[PDB]
Amino acid sequence: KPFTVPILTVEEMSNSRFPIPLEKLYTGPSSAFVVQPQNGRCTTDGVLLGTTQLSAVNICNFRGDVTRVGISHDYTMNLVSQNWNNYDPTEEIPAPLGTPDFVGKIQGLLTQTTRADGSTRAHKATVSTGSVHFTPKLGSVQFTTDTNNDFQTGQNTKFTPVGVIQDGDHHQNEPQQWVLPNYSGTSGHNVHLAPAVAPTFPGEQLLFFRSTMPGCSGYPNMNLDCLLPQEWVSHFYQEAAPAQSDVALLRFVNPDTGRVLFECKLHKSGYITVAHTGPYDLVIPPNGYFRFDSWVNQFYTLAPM
Amino acid sequence: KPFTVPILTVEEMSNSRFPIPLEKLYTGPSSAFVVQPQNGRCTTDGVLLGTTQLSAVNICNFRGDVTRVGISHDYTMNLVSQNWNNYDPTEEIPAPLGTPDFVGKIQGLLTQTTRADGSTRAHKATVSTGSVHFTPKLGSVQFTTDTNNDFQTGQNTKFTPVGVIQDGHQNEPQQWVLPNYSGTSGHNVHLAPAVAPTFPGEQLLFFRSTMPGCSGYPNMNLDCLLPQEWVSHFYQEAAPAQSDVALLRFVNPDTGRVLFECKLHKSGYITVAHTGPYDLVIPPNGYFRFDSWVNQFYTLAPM
Ligand SMILES: C[C@@H]1O[C@@H](O[C@@H]2[C@@H](O[C@H]3O[C@H](CO)[C@H](O)[C@H](O)[C@H]3O)[C@@H](O)[C@@H](CO)O[C@@H]2O)[C@@H](O)[C@H](O)[C@@H]1O
Ligand SMILES: C[C@@H]1O[C@@H](O[C@@H]2[C@@H](O[C@H]3O[C@H](CO)[C@H](O)[C@H](O)[C@H]3O)[C@@H](O)[C@@H](CO)O[C@@H]2O)[C@@H](O)[C@H](O)[C@@H]1O
């Protein structure tokens, strides 16, 4: 089965690490980080990795029942699955599919319906994924909310993420997009992780699909880079085209002129490298798209960006 | 190019009318009312219709600058596009792509960044699409928010939708009543067509989600004609339609057994042979498979 990537333009696609559109292509140095995201991870032959699932609308969402922590404005959510069935901690994944894969304070609305009478409610809420109470692998996370009394026990509750917050004099100190949470808190180390990725070939860097997360309070670092658009994850999962070598050579083309703007290496394990050093917002026509041209190896020397 | 539909299961897909996952399949009568959604509209050969665009995460989102209405808690948003560029009201679409296509009060967060210093803010906010101030085709909508002073002028502002509210039970939203995209100033234009079965014994098949409820007693059902992933698939594939009707079989790969068959009409909606309201019962790995081009007079096996 011939391998292909989607023909959608960058801005027609979705970030695979938060439910927001892509904005641009970005390359930068990654030696200062361990780049090990768990969402947006999929092999070119369609094997999902980490905590990756198939739709952007589920990323960083949570569902379950809630109970108030003491007499505070915090609530513990006992997680269930996307379709409201019981969560299974025994599954060989790091955490429920779609769980946030960075340390940060994600703000959104926590909503609830009372089944018996159809009454509903919503409150602004934040989940701090660096908190010791962020234990999604164990089946629970904690939210700080704007209420201490309105949520009912035993009722279906959903968190819909919107953006991120920051607090402190050191501006843009959080979120930390390349620091994984401890999915089981202090109780144990992370398990079943998709591997870290790094360029190995001289002169190469990762290519990122970049968005700006909405900021909700303070001075957050709003950059969010994913390794694959969500639509590529879905495409590979469905097509399941066999990888005929370790690397798929892609050309980024202007469809109007037919000219190649740059070329890159899509590694079969699901990430892209380009030949560039330093931070660079790629200059591209908005109708540009990626095209698979041939199967190559990890030592293929790209035309420099 | 051979026509195909995605192999994703229902719960792996997204509603094309609000940024939430699909939950289930429903069929029912719809003779007594107009079915004319504007999001989730695409022909099988990839022509987008109505206000349909390509990703679910953009649906019912709004962007622009805001100005306070008087000294109230309401703010007017002067709309821009998904990437902060111009919206052209003269483009022959009903309203900006992704605009809500139902009358209801949508609640979410209105967020803002101050360009100069990177300070940010968020407030609970509702857009009433039945309001006279819901005029997206004119380039503006109005939000009621939980602040009367925190939003700044001339700064990028985004509404992220979460769910719906009600006042008065389940009388709103009205998912099949289109808002007036130009308010009282003009009638709706450039709409994707209304849809109905034409063959006796058939009903529409709906891809159903439940919108989160945020206050009161809202009607939370939300039915779309095509999953968002089908819109994106057809747009990219652009496979020619060999007839006006594609026969799909819904298959359980666990058994190879066909659960039911249905007609995917070229103009982008599905019918089944059934009379009455019915919540379909489907296996977890079930999916749709295109088998052949037929015609409007093909009789489906009863669903
Ligand atoms: C930088 C600052 O971020 C946000 O303000 C927060 C404060 O937020 C609280 O009050 C503000 C209005 O002053 C607003 O009503 C917000 O909803 C509410 O949570 C507060 O958290 C303090 C604590 O030190 O930090 C910031 O000042 C934002 O509202 C401001 O516009 C501004 O961007
Ligand atoms: C049916 C009812 O809907 C929601 O309540 C609203 C009220 O909402 C206001 O106060 C409530 C707490 O009582 C909550 O703090 C909410 O955020 C706030 O807007 C209010 O709008 C009244 C006015 O008619 O209608 C409802 O009572 C929800 O909060 C309740 O839990 C309940 O489901």
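Going down the list, the sequences are from chains W and U. Read in order, the letters of the first sequence are residues 1 to 305 in this note's numbering. Read in order, the letters of the second sequence are residues 306 to 608 in this note's numbering. Each residue gets a CB set at the ideal place from its N, CA and C atoms; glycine is no exception.
Verify the contact flag: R426 of chain U, CB atom, against every heavy atom of ligand 1, threshold strictly below 6 Å.
Within the chosen limit of 6 Å, ligand 1 reaches the beta carbon of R426 of chain U through at least one heavy atom.
Would you list, in sequence order, the uninterrupted beta strand (DSSP E) runs of no fewer than 3 residues that lie entirely inside the segment 18 to 79 of chain W?
The segment 18 to 79 of chain W contains these whole beta strand (DSSP E) runs: 24 to 27, 62 to 68, 74 to 79.
Name the chain U residues whose beta carbon is nearer than 8 Å to that of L97 of chain W?
The premise fails here: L97 of chain W is roughly 11 Å from chain U at the closest Cβ pair, so nothing lies under 8 Å.
Contact criterion: CB-CB distance below 7 Å. Does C529 of chain U meet it with respect to chain W?
Residue-level contact check: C529 of chain U does not touch chain W, since none of the beta carbons of chain W fall below 7 Å from its beta carbon.
Are any of the Cβ atoms in chain U nearer than 7 Å to that of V57 of chain W?
So yes, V57 of chain W belongs to the interface.
When the Cα of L138 of chain W is compared with those of W:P94, W:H192, W:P242, which residue comes out closest?
W:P94
Please determine if the segment 27 to 46 of chain W and the segment 367 to 384 of chain U are in contact, where contact requires at least 3 C-beta pairs separated by less than 8 Å.
no
Against chain U, does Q244 of chain W count as a neighbour if the rule is that its beta carbon must be under 7 Å from one of theirs?
no
Measuring only from the beta carbon, is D150 of chain W closer than 6 Å to any heavy atom that is part of ligand 2?
Correct: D150 of chain W has its Cβ closer than 6 Å to ligand 2.
At least one CB of chain W closer than 7 Å to the CB of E396 of chain U: is that the case?
no
Buried or exposed: where does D406 of chain U fall if 16 or more other Cβ atoms within 10 Å of its Cβ makes it buried?
buried
Using the beta-carbon of each residue, which ones in chain W are nearer than 8 Å to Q412 of chain U?
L109, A122
Between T465 of chain U and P242 of chain W, what straight-line distance do the alpha-carbon atoms span, to the nearest angstrom?
38 Å
Measuring only the C-alpha atoms, how far is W598 of chain U from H538 of chain U?
If you take the alpha carbons of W598 of chain U and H538 of chain U, they lie about 18 Å apart.
Determine the chain U residues that contact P220 of chain W at a beta-carbon separation under 7 Å, and present them in chain order.
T425
What residue from U:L531, U:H495, U:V374 has the CA that sits closest to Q447 of chain U's CA?
Nearest in C-alpha terms to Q447 of chain U, of all of U:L531, U:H495, U:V374, is U:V374.
Thinking C-alpha only, which one of U:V482, U:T489, U:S490, U:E507 is nearest residue 640 of chain U?
Here chain U has residues from 306 to 608 only, and residue 640 of chain U is not among them.
Considering only heavy atoms of ligand 2, does any lie closer than 6 Å to the CB of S520 of chain U?
yes
Can you check whether the C-beta of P21 of chain W is within less than 7 Å of a C-beta belonging to chain U?
yes
Short of 7 Å Cβ to Cβ, which residues in the segment 306 to 319 of chain U face chain W?
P311, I312, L313, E316, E317, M318, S319
Near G506 of chain U, which residues of its chain fall below 7 Å by C-beta distance, leaving aside the five closest residues on each side in sequence?
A578, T580
What does the Cβ neighbour count give for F62 of chain W, buried or exposed, with the cut at 16 atoms within 10 Å?
buried
Can you give me the start and stop residues for the alpha helix (DSSP H) that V233 of chain W sits inside?
230 to 239
For the pair the segment 168 to 182 of chain W and the segment 209 to 227 of chain W, tell me if three or more CB-CB distances fall below 8 Å.
yes
Quick check: the Cα distance between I59 of chain W and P96 of chain W, rounded to an integer number of angstroms?
10 Å
Along chain W, in chain order, which residues have C-beta atoms closer than 7 Å to that of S433 of chain U?
Ordered by position in chain W, no residue passes the 7 Å Cβ test against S433 of chain U, which lies about 16 Å from the chain.
Beta-carbon separation of residue 644 of chain U and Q533 of chain U under 7 Å?
This structure cannot settle anything about residue 644 of chain U, because the visible part of chain U is limited to 306 through 608.
Taking DSSP as the reference, what is the three-state secondary structure of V446 of chain U?
strand
On the three-state DSSP scale, how would you describe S386 of chain U?
Reduced to three states, the DSSP call for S386 of chain U is coil.
If contact means a Cβ-Cβ distance below 8 Å, which residues of the segment 40 to 54 of chain W contact chain U?
Residues of the segment 40 to 54 of chain W with a Cβ closer than 8 Å to any Cβ of chain U, in chain order: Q53, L54.
How close, in whole Å, do the beta carbons of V556 of chain U and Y592 of chain U come, if the pair is a contact with beta carbons under 8 Å?
6 Å
Quick check: what's the CA-CA separation for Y271 of chain W versus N15 of chain W?
14 Å
Considering only residues of the same chain and omitting the five flanking positions on each side of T99 of chain W, which have a CB-CB separation below 6 Å?
Answer for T99 of chain W: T51, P136, listed in chain order.
In the segment 141 to 160 of chain W, which residues sit with their C-beta less than 9 Å from some C-beta in chain U, listed in chain order?
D146, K158, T160
If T332 of chain U and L509 of chain U are in contact, beta carbons under 8 Å, what's the gap, nearest whole angstrom?
7 Å
Determine the chain W residues that contact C519 of chain U at a beta-carbon separation under 8 Å, and present them in chain order.
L109, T111, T120, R121, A122
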